[PDB]
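Right, one structure below, let's go through it.
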Amino acid sequence: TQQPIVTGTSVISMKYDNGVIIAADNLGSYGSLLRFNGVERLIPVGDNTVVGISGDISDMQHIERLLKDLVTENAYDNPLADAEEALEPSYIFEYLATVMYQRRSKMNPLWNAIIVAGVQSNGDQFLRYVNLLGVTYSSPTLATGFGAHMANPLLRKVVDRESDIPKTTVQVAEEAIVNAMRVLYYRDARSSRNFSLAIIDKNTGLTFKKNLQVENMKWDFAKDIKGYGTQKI
Amino acid sequence: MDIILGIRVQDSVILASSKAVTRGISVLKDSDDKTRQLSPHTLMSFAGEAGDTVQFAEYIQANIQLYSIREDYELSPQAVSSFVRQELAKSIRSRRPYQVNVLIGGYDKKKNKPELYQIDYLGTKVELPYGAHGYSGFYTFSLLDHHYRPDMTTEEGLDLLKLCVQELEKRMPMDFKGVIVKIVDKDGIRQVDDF
Amino acid sequence: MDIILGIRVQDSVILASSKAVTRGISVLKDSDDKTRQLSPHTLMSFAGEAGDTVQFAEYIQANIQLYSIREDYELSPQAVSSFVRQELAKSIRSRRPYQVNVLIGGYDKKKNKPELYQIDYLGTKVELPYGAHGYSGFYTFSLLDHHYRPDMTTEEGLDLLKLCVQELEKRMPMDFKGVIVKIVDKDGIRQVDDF
Amino acid sequence: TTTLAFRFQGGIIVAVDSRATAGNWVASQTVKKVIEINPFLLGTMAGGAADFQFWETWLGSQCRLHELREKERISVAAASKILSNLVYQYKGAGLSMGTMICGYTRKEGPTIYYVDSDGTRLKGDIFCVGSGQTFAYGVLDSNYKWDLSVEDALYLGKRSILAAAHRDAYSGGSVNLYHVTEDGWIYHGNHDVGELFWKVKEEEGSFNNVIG
Amino acid sequence: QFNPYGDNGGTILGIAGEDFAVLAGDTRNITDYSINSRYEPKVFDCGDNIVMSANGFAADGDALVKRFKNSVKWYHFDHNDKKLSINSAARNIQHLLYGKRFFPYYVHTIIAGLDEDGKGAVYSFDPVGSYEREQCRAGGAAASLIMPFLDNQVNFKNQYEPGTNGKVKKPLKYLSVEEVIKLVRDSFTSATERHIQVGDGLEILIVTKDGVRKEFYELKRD
Amino acid sequence: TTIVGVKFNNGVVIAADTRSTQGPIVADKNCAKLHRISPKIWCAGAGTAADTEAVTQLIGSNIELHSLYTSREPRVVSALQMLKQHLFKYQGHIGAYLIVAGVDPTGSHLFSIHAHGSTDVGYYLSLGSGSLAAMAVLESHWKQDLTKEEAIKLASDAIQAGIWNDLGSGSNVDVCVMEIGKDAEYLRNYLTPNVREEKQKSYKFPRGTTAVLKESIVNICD
Amino acid sequence: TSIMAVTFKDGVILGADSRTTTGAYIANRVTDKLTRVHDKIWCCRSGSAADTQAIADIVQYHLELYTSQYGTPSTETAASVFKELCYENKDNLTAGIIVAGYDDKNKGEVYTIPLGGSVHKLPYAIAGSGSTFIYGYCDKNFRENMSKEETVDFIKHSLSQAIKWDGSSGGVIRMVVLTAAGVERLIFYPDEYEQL
Amino acid sequence: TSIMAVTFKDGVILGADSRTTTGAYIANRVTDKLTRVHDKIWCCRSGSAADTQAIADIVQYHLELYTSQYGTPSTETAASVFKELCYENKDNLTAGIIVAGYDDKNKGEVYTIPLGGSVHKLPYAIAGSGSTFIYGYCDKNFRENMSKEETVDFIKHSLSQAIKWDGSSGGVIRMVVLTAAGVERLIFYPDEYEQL
Amino acid sequence: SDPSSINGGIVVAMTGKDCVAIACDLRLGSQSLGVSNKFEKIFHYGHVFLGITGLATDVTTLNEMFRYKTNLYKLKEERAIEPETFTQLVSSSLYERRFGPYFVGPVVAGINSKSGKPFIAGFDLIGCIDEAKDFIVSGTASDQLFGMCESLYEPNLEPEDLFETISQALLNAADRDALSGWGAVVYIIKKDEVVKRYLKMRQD
Ligand SMILES: *[C@@](C)(CO)[C@](*)(O)[C@H](Cc1ccccc1)NC(=O)[C@H](Cc1ccc(OC)cc1)NC(=O)[C@H](C)NC(=O)CN1CCOCC1
Ligand SMILES: *[C@@](C)(CO)[C@](*)(O)[C@H](Cc1ccccc1)NC(=O)[C@H](Cc1ccc(OC)cc1)NC(=O)[C@H](C)NC(=O)CN1CCOCC1
Ligand SMILES: *[C@@](C)(CO)[C@](*)(O)[C@H](Cc1ccccc1)NC(=O)[C@H](Cc1ccc(OC)cc1)NC(=O)[C@H](C)NC(=O)CN1CCOCC1
Ligand SMILES: [Mg+2]
Ligand SMILES: [Mg+2]
Ligand SMILES: [Mg+2]
Ligand SMILES: [Mg+2]
């Protein structure tokens with residue numbers, strides 16, 4: 001039995017025609033205190049997978065070490081470690097999913113919501129979710145925390161079902177993700193302006209973007225708003 | 001309090017009520033009459049929370065007797081039961097509700113028919129051929145379902161009632177010290193002394 | 001379970017134990033023997049938590065019978081009672097304690113004396129002229145205080161015991177369906193069939 | 001639930017209802033509350049369903065291993081005690097069980113043991129277990145005799161379940177009858193309460209309160 | 001305090017014919033008032049012509065199916081590739097479920113297939129292992145909506161022969177695969193209308209002697 | 001519930017879904033959440049259904065009496081003041097979450113009220129269980145100087161977001177447009193994107209299927 | 001909330017963020033927490049939105065009725081009416097109010113009223129959840145008899161930090177200037193204050 | 001507690017107050033919250049006195065045994081051992097520890113370990129109950145590559161404010177300077193820092 | 001101790017072509033114990049029919065209350081109350097007891113005598129009006145009734161066909177609910193004739 005202390009907020013993601021995009025802000029909250037601002041919550045595994053983590057940061061750092069150790073262990077006695085027998089997104093996910101469910105079954109969970117985004121060896125897009133309860137699910141768009149409530153509605157307007165994936169380009173997809181991050185900054189009280197974004201493409205590979213900022217924000221209309229009803233001046 | 005039964009037959013209503021008053025680990029009394037005569041042809045048995053039962057029974061009794069004097073007329077069992085139900089229906093949303101369950105056995109002189117009404121503390125009224133309150137029903141109802149006929153005589157009703165008391169005495173955990181039986185018919189109310 | 005009594009007289013120990021087995025609002029059985037013979041001249045009655053009672057009684061019985069076979073010798077009532085007490089004394093600090101109260105009636109063949117031991121579930125042993133467990137004591141003890149003499153015969157003890165059962169049947173709330181009476185003396189253990 | 005079993009001249013009658021509820025919701029009308037432990041032993045369901053099922057199936061495995069080792073049919077006493085000792089180990093853990101272990105052997109004759117999740121083990125002539133046990137008891141007690149016929153005994157058990165099926169909201173569906181003899185149990189069919197009620201009402205004249 | 005259970009919603013439905021059996025289930029996955037996935041299958045082919053679904057808490061549901069699938073695999077290794085009969089699978093699942101009696105799998109389980117006489121078979125389980133063979137069973141969030149409809153349309157309950165004074169019942173008969181699928185589709189569209197956790201899509205797995213076939217139908221996405 | 005309000009050039013528009021729930025069950029598939037306080041002051045309500053209706057009617061009744069007393073068309077701030085003071089008095093026990101909008105001699109207005117009696121002002125607002133799905137759309141697509149047709153589009157799009165993504169919202173979209181110098185136009189079922197598909201089968205029973213015990217004519221006349 | 005009021009040479013300035021929260025969700029990102037109870041008597045609102053709103057309305061009613069009979073009320077009088085409501089209803093209220101006003105005799109004045117309903121007259125006052133993070137900063141940087149431009153910078157820099165650290169605070173920084181000249185509303189957007 | 005550690009040009013400086021409380025009673029007004037786990041690796045302790053003490057002792061034991069086998073440990077290594085204890089025993093600990101050390105390769109380094117057991121490497125770190133009041137101040141006033149005298153003034157002024165506002169903090173301001181030159185202990189009394 | 005499921009019971013209403021149907025079970029119990037198999041839950045005031053599920057004492061009390069109110073209505077208005085108007089009276093009456101409510105699930109059914117339009121409506125315990133073209137359900141087997149009605153129902157059914165549909169909806173829903181059943185009644189309502197039929201159902 002736990003309670004989360006230092007926490008990370010929404011992780012959002014979606015599929016597009018050639019790959020997957022995933023994003024998460026760089027904040028480590030300590031309750032209402034916005035304590036840490038340099039926290040990277042997207043962690044690449046190889047050149048074909050990105051694990052996005054929300055929830056408890058101490059448990060996130062534990063999961064980082066496990067993934068780091070998984071790459072080391074896979075390389076042992078493996079001449080094809082950088083080829084056919086490299087770590088797939090599906091392998092990395094199933095490993096984490098196993099751990100998350102085992103920990104919940106011992107009444108001592110890793111207090112996280114995790115999204116594993118990547119591209120398989122045959123070119124297929126991989127995007128699947130897992131959390132502290134061991135619950136797993138996949139969808140064209142996936143998001144955690146507030147992202148589930150606010151991002152998914154926006155991302156589902158682009159890709160509403162399977163057949164919309166080939167029709168969606170990387171430009172259109174990234175635009176939707178960056179827009180979703182702005183909306184979350186408007187509305188999530190435990191979000192920051194600074195964030196990271198990762199694109200895993202079947203052709204161009206892994207593109208990791210750091211130190212992005214929410215921009216083109218609408219605040220100007222605030223000056224006209226006066227009082228809460230009957231106030232004029 | 002605990003066991004109160006009622007059986008409506010062809011020409012009468014029969015009420016059986018347990019004699020025990022227990023308070024604690026002690027049976028304080030074994031000859032308690034858990035009933036009041038509301039009018040010459042209407043009888044009400046009662047069971048529930050201590051104090052509340054008699055207080056309620058006597059309060060109803062006073063009201064019906066007041067009506068009788070004012071109008072020089074006896075209210076029908078249906079009318080009395082409706083009055084009693086409304087009083088309990090008020091009670092349930094009071095600061096401190098009466099926790100009393102009742103059976104009203106009466107003979108309607110205008111219809112020349114016996115009538116049995118079962119009313120719980122919430123104010124839930126039902127007319128029945130046979131009725132019971134508390135755990136008693138869990139034994140008696142199925143027994144009456146089997147053996148009861150609508151055209152029975154008073155003597156047949158008493159034998160049917162003996163069958164119920166025997167079953168209760170066999171399977172009930174608590175000693176309720178037998179029952180006082182009373183019959184309501186065209187000639188009014190009378191008590192069976194040897195049961 | 002519920003009522004277990006015990007009376008030590010001049011030449012014997014008499015144990016009375018209720019026959020009822022109640023489960024909910026139903027008396028499941030009315031002929032239950034709440035006792036086990038530990039050895040030819042030692043009898044133990046028991047009352048308490050369901051299941052635990054018989055499980056404990058039979059476990060003790062097995063141990064005493066094992067001792068008898070090993071040594072070709074009967075343990076004294078004092079020795080048996082001490083063994084039983086220690087088992088209950090262990091039990092009380094276990095993960096799940098036996099919730100069983102017992103009376104041990106026995107005849108010591110070396111001393112030629114009857115002996116009655118009362119032991120509760122905590123392991124609290126006392127030798128007594130007359131004993132009881134549960135609410136039974138609250139009626140019987142004062143009655144025995146008055147009527148009991150130490151030089152009484154077995155027949156006088158049974159009449160004294162009848163006096164107790166009558167009082168319990170009068171004032172106890174629950175119907176315990178009478179008692180099975182057993183006598184322990186120099187000639188061993190025998191049951192009174194008509195009580 | 002309503003289950004009963006009683007000893008008589010012709011052996012044992014076992015009768016059970018068929019309903020299973022989860023709160024007010026009727027989960028099943030076709031449940032089997034009699035377990036066929038082996039061709040000579042029967043057990044009844046009341047309380048936990050999986051428990052009764054799981055552990056009385058297990059009991060049958062223990063009874064089979066007994067007669068393989070001892071080259072002799074297991075006694076009803078021994079079989080019932082294997083179950084009661086087992087549930088006693090689990091006492092506190094939350095097992096829910098109320099069952100009649102019913103059988104007919106040479107040394108014992110017809111025998112019924114009430115076994116409980118509290119650890120209670122009672123030998124007896126008549127037992128009724130379940131939410132509608134009190135209704136069944138009323139019919140049984142007023143009509144039971146040791147010198148009943150196999151035909152009349154079967155009906156009494158059927159009629160007693162019907163009584164409970166009617167009044168008890170958590171009992172009904174259908175009635176399963178069994179008749180236990182020394183050469184084994186004999187199934188006496190599934191009887192829908194919906195059809196049985198009207199059939200009994202007319203032929204017997206009972207249930208005059210109900211309009212048909 | 002940490003709560004190890006959750007509710008992933010959804011609903012499932014199994015019907016048995018004369019020489020076939022269907023096991024249907026909606027493809028929606030939820031937590032609270034959010035949709036996790038519009039297409040997340042929970043009806044699985046487990047081999048040996050056995051289809052299975054464990055609806056309720058998805059994590060427990062996936063764990064159970066995974067374990068049973070593995071049970072089938074080891075049955076082949078240990079017993080010379082013998083086919084696991086539907087009745088044997090049912091008993092095996094009871095031991096899987098009851099194995100966690102005091103920390104249960106929060107799922108209503110249903111399996112479907114053909115018995116050893118080639119006839120359609122549906123078995124249904126409670127969370128802790130009690131099971132029963134039936135012609136008909138709905139499970140999950142909308143079970144209470146669908147099940148009484150099945151009683152009426154599959155088992156012809158409360159339906160009497162016209163003009164017989166309610167004395168002769170409507171006779172029981174096997175339904176065609178075409179007729180069964182109609183009832184499944186109407187059951188789920190009706191459940192989708194009145195239950196918020198039911199919708200998005202319907203996936204049916206049909207089991208005949210020839211193998212396991214699939215059919216998919218859109219459901220309302222609101 | 002999902003409800004929204006959007007300001008535009010010459011007025012204000014409000015919209016709402018049409019789902020009503022008791023637990024996970026859809027009680028009403030086409031309820032009316034848009035409420036008339038006065039001819040040109042309309043209210044969208046979320047929360048306890050009876051409370052939003054009762055409180056909107058009471059204030060509406062008093063607004064009419066006030067309008068007759070003062071010989072003036074009612075103002076939105078009067079309805080706002082009367083609603084919040086009423087809701088504050090009951091310390092949140094009257095669970096009404098309202099979006100108040102309308103036109104009056106002062107101009108066009110848009111407010112929100114919470115159950116405990118707090119009010120907000122804004123150009124775009126959303127309340128209810130699907131307010132986050134709606135607000136996501138509003139935050140993405142809203143701009144200053146919207147036209148009438150643009151505001152209706154934005155509003156209904158925000159409601160649709162709730163309909164599809166929120167399980168507490170569904171069925172249809174109701175709209176009410178309140179423009180200055182014009183009559184308010186109430187557009188009941190402005191969109192109906194959740195029409196039930198044709199059923200696979202007709203369940204019309206053969207006459208005489210149901211068994212009957214008694215028949216009798218009921219007297220409704222004097 | 002993060003709110004504050006600061007006296008200076010020409011009068012007093014009130015300052016506030018614009019974030020309203022229901023849990024971690026921002027119900028309103030453009031809230032106006034600075035409210036007028038009289039021409040040149042204003043207040044900052046923190047705590048329960050419904051409570052502070054109901055109180056402010058009652059005070060505005062009282063001061064309007066005061067003005068009708070006895071002319072312009074003092075800032076102290078306004079604070080006294082606030083106190084009276086907050087103290088007598090302390091069991092049913094969650095309101096932390098800062099009262100600030102401009103007299104011509106008394107110049108700028110600031111009264112803070114915490115949860116209990118006590119009154120405290122101060123040179124400057126800070127309040128709300130985000131104020132905890134700027135006690136150190138404000139104490140080190142406040143000076144008496146500052147200019148308008150200095151006081152605006154003091155509030156802007158202070159609330160900027162309060163906003164930066166407090167998740168319950170954010171949006172725009174509203175301000176209201178109270179001097180003999182009149183009433184002036186100021187607004188400052190994230191793109192400006194965040195990079196201070 | 002109010003505690004902090006600040007990196008600068010020549011290395012790193014740790015700082016702390018001296019107040020230990022059991023309720024509102026000050027059990028020790030001259031506490032030493034800066035503790036040595038290695039020659040030039042020190043830590044600031046906040047939270048449970050018994051927990052942080054037991055942890056620090058175990059770490060000192062681990063680093064002593066590390067030194068016997070593998071020579072001088074890195075500051076990161078020391079922080080890793082602290083984390084390992086704090087994370088794995090998170091259910092039974094209340095410890096907020098700042099680890100600070102001086103390598104010759106890595107110069108000054110600061111790692112903060114909050115309640116959960118997470119690790120965060122920072123230019124400077126603040127912690128303890130009194131740190132809440134100086135987030136605003138410290139953020140505005142911290143600069144990288146400060147001098148020794150500037151860093152001492154930064155810590156002194158910061159903790160002075162933390163002490164001023166936090167009742168759970170007070171007494172003397174202890175400091176420990178970690179550079180290539182060696183280890184220097186500094187102390188500052190109320191009469192000096194209070195009137196800053 | 002959940003007032004709405006102590007006694008048990010159900011009510012369902014449907015519309016057809018120029019007709020309406022309202023039906024109810026006959027059970028009254030005290031949790032598990034079945035007490036009465038004659039407890040009708042449908043009442044009428046003129047041509048306006050009202051069904052009420054829930055706590056039985058409140059069912060009885062409200063019937064008595066609406067008889068009281070409709071009788072005064074008729075005396076003052078000099079005409080029978082219509083279904084639309086009566087629906088509003090029920091809603092008002094229930095909301096009057098907002099913070100101490102009657103634990104009931106009422107259902108109004110009837111044909112407007114002026115316009116001839118079939119009308120049905122439902123309420124929650126607190127007064128919220130649920131109007132419907134097709135059907136209204138209420139009681140301890142409301143989930144079951146929702147499932148039966150949503151599949152079995154079709155528009156514009158003739159009175160004789162509508163009877164079969166509503167009856168099968170109630171019977172099969174009741175049989176999957178422990179606290180409902182023990183007999184049933186169906187009212188078929190045309191413009192100027194009303195037929196009442198007692199159904200044969202399983203008595204467990
Ligand atoms: C969406 C559907 C929330 O899910 C809306 O808030 C909607 C608003 C609405 C509906 C119809 C007409 C106007 C406005 N709310 C509901 O449909 C509401 C949901 C709800 C249920 C229970 C609540 O408990 C505090 C709060 C909201 N549904 C109802 O009010 C239904 C009709 N009635 C009940 O559930 C009966 N409840 C009412 C509250 O008191 C206890 C009994
Ligand atoms: C910051 C954001 C947090 O303290 C401010 O104090 C802010 C002040 C404010 C807000 C709007 C307009 C003017 C001034 N307070 C809030 O935004 C406030 C947070 C809060 C709620 C309840 C409290 O105790 C009763 C204390 C602080 N938010 C609200 O009032 C919102 C609109 N409503 C709710 O959170 C619903 N509450 C009602 C009270 O009961 C708990 C649920
Ligand atoms: C400031 C004063 C308050 O947070 C510091 O964190 C300070 C840190 C410190 C103290 C001494 C030496 C080095 C560092 N903490 C305390 O003084 C601490 C307060 C505290 C106690 C318990 C806590 O949770 C378990 C958190 C903070 N004081 C103590 O530990 C004192 C000596 N003991 C007690 O208060 C007795 N406690 C023991 C734990 O259970 C509650 C009763
Ligand atoms: Mg029944
Ligand atoms: Mg939806
Ligand atoms: Mg400790
Ligand atoms: Mg101090």
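Naming works like this for the structure tokens: A, B, ... for the chains as they're shown, residue 1 at the start of each chain, ligands 1 onward in shown order.
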Surrounding residues as a list in words, ligand 1, max 6 Å, only C-alpha atoms and all ligand atoms
residues 1, 19, 20, 21, 22, 31, 33, 45, 46, 47, 48, 49, 52, 128, 129, 168 and 169 of chain F; 124 of chain I
Residues within 6 Å of ligand 3, counting only C-alpha atoms and all ligand atoms: report them as a list in words.
residues 1, 19, 20, 21, 22, 33, 45, 46, 47, 48, 49, 50, 94, 128, 129, 168 and 169 of chain H
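Summary of the local environment: counting only C-alpha atoms, residues at most 8 Å from residue 41 of chain I, other than itself and those fewer than 5 positions away along its chain, are residues 11, 24, 25, 26, 51, 52, 53 and 59 of chain I.
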Kindly provide, as a ChimeraX atom specification, all nucleotide and amino acid residues lying within 7 Å of ligand 6, counting only C-alpha atoms and all ligand atoms.
/H:50-51,92-93
Grab the residues selected above and save them as a PDB file, in the first residue's frame with N, CA and C atoms.
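Output file again_27.pdb is given in full below:
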ATOM      1  N   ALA H  50      14.947  10.435  14.046  1.00  0.00           N
ATOM      2  CA  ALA H  50      15.358   9.042  14.225  1.00  0.00           C
ATOM      3  C   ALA H  50      15.602   8.316  12.899  1.00  0.00           C
ATOM      4  N   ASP H  51      14.742   8.568  11.916  1.00  0.00           N
ATOM      5  CA  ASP H  51      14.867   7.941  10.598  1.00  0.00           C
ATOM      6  C   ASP H  51      16.101   8.432   9.843  1.00  0.00           C
ATOM      7  N   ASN H  92       7.899   3.091   5.600  1.00  0.00           N
ATOM      8  CA  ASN H  92       8.280   3.173   7.014  1.00  0.00           C
ATOM      9  C   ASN H  92       9.210   4.338   7.353  1.00  0.00           C
ATOM     10  N   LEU H  93       9.403   5.260   6.412  1.00  0.00           N
ATOM     11  CA  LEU H  93      10.328   6.377   6.609  1.00  0.00           C
ATOM     12  C   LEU H  93       9.675   7.729   6.366  1.00  0.00           C
TER      13      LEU H  93
END
Which neighbours of residue 56 of chain H fall inside 8 Å, counting only C-alpha atoms, when residues of the same chain fewer than 3 positions from it are skipped, and could you give them as a ChimeraX atom specification?
/H:35,37,52-53,59-60,82
What would the file look like if the residues just selected were written as a PDB file, in the first residue's frame with C-alpha atoms?
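Saved to selection-v9.pdb:
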ATOM      1  CA  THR H  35      26.209  15.342   8.918  1.00  0.00           C
ATOM      2  CA  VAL H  37      28.924  10.495   5.471  1.00  0.00           C
ATOM      3  CA  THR H  52      17.339  10.367   8.973  1.00  0.00           C
ATOM      4  CA  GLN H  53      19.903   9.499  11.664  1.00  0.00           C
ATOM      5  CA  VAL H  59      25.225   5.259   4.428  1.00  0.00           C
ATOM      6  CA  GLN H  60      28.375   6.234   6.350  1.00  0.00           C
ATOM      7  CA  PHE H  82      20.666   7.231   0.159  1.00  0.00           C
TER       8      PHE H  82
END
